[PDB]
Structure formats: C-alpha cells, structure tokens
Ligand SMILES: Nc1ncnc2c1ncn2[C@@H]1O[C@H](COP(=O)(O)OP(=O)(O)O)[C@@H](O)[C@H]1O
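We begin with a single chain expressed as structure tokens, specifically the form deposited without adenosine-5'-diphosphate.
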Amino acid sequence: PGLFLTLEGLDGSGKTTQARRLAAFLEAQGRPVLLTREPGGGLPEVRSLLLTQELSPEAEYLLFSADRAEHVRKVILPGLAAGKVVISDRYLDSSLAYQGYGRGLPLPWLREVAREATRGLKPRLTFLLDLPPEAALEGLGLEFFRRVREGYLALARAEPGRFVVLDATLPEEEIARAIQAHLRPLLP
C-alpha cells in the first residue's frame, strides 16, 4: 500500500517549494503523508561528506547511494507500509542526472549500485520541474547544469509514464495545480 512520489529538478527550480506545498495539500485532504528528502533523509551526516574538496565523482555517487540505501530502508519503505503518501524531494533520478549526465559516470553502473540500494523501489510519479540551466559539490557551473538539465529531460522521455515534466518558470500556484491534477486519479 501507500503511494511513493518524488520531485526533481535543478537547484532553484522550485521543486522544494512544490514538495512542501504538495505535502500540505494532501494532509489537508486527511491523507497520511511523510515528507522527506535527499541527500540526508537516510544518513544526515552525508551532507558533510559530500562537501569534501576534490571528491571523485565515483565517491560522490557512492555517498549519495549510502544515504539512499538507509533512506529507503528506514524511512520510505516503512512509511509506504503504513499506507502513507511518501514524498521525497529528490531521489535516484537526481543521481542519474547529476552524477550520470553531469559528472559523466556510466548509467548502467549507477543503476546496478542502485538496484540493492533502493531494493528496486520506484516512485509512481516523479514531478520534474524543468528550469533553464542558467537559472540554477564542486564544479557546478553552467556547462554542468546544461548537461544535468538535458539529462533530466532524457530521463523523462525514457520513462514518460512516470515523469511529469513541468515548466519551472510558471507561477508556483499554477505548477501546484498541475501537480494536483495529475494526482487526483491516484488519490480520490
């Protein structure tokens, strides 16, 4: 039971605002909700480790993955088991976009790591707030953000049932209404 939803996008895309808005919206309907986030929902100390100077992209991903593994096991799966709507502000797609398309790590390896880390748990829907890259860890420059932005769009084209792509430049309340509309058939 339960319903697993995620929000994705660049830094500054509004996906945090929308995750919180959505949690409150659902709670106002009387639904049990668990709002969480990555990095840090699993292992809060990972945020310290991720700041390490000159971190290799492989190490970077492995840190995100350690947090994710703890997050899935200790937070998300137990929430879903209790019938909650679990909303994560970022999940595996963030790694695929940032560490895969951004840093250049091989997607198949990212997925193999992830398969045990996540126990195969995938969100039902993922709301991608698509932000122009100039409107957006070391080396987070414009070239990187272009790769990440386009990578997210690629992920969305590859799983077009799961991803809902939203124009992050729209007013926050219009974005929220669009998210709500996509959810109504799942949450009567």
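The first residue of the shown sequence is 1; numbering continues from there. C-alpha atoms forming the largest set that superposes within 1.5 Å between two forms make up the rigid core.
The rigid core fit leaves 42-50 as the farther-lying stretch in 6 other deposited structures of this protein, judged by Cα positions and set against 157-165 and 42-50. Comparing 52-60 with 143-151 in 6 other deposited structures of this protein, after superposition on the rigid core, the stretch with the greater RMS C-alpha deviation is 52-60. Among other compared entries that model residues flanking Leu121, every one gives it coordinates, keeping it clear of the one-third cutoff. Compared against other deposited entries of this protein, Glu138 counts as often unmodelled, lacking coordinates in at least a third of those that resolve the residues around it.
In this entry, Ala136 and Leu137 are separated by 4 to 9 residues of the deposited sequence that lack coordinates.
Higher mean CA temperature factor between 97-105 and 79-87: 79-87, per the PDB entry. In this entry, 141-149 shows the higher mean Cα temperature factor of the pair 61-69 and 141-149.
In the deposited entry, the Cα temperature factor of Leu125 sits in the bottom third of values across the chain's modelled residues.
Per the deposited record, the Cα B-factor of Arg47 falls in the highest third when ranked against the other modelled residues of its chain. In the deposited entry, the Cα temperature factor of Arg37 places it in the lowest third of its chain's modelled residues. In the PDB entry, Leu187 places in the highest third of its chain by CA B-factor. Among the modelled residues of its chain, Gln18 has a C-alpha B-factor that falls in the lowest third according to the deposited record.
Omitted from view is the form deposited with adenosine-5'-diphosphate bound, to which the following refers.
For the candidate spot formed by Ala168, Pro171 and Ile175, every residue has a non-hydrogen atom within 4.5 angstroms of adenosine-5'-diphosphate in the entry with it bound.
adenosine-5'-diphosphate is not shown here, and in the entry with it bound it never comes within 4.5 Å of any heavy atom of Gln180. Residues of 41-62 that come within 4.5 Å of adenosine-5'-diphosphate in the entry with it bound, judged by any heavy atom, do not exist; none qualify.
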